[PDB]
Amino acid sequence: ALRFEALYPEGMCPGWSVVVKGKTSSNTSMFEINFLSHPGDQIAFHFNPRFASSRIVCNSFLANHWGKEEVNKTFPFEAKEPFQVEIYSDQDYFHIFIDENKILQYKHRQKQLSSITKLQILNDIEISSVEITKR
């Protein structure tokens, strides 16, 4: 279910950095980190580490359907072991860092950056910290 949500109406894109620390409960579940645009909560960016299969699916949900999946096969995560994820964004991409190592970048599909006012965290993650900072 939902583990955390934040709302910043002045827009957390571009230029804001989101740092999430925690660990998973099980070895075979999953969690996701979504950036939602206002109003109507389309998903500007969806970040979904899958531990049962050890891949990272990244996608967007605009206007009623997912787009093309962007997948990363090397899993920097490890079940029940603390991790750090940093998601940042500039004019052109979302930038991803795990345990301080850059893992991927994801080019904007939702072009209305200022509409991205929400953050939510779902399912199998025990949260120890969420930090949101302007860069």
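Numbers for residues come from their place in the sequence shown, where the first is 1. Superpose the two forms; the largest set of C-alphas matching within 1.5 Å is the rigid core.
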>> After superposing on the rigid core, which of 50 to 58 and 68 to 76 has its C-alpha atoms sitting farther from this form in 7 other deposited structures of this protein?
In response: 68 to 76
> According to the deposited model, is the average Cα temperature factor higher in 31 to 39 or in 75 to 83?
Replying inline: 75 to 83
> Which has higher Cα B-factors on average according to the PDB entry: 19 to 27 or 111 to 119?
Replying inline: 19 to 27
> Checking the entry, which one of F47, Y106, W66, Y88 has the top C-alpha B factor?
Replying inline: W66
>> Please say which third, lowest, middle or highest, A52 falls into when its CA temperature factor is compared across its chain.
In response: highest
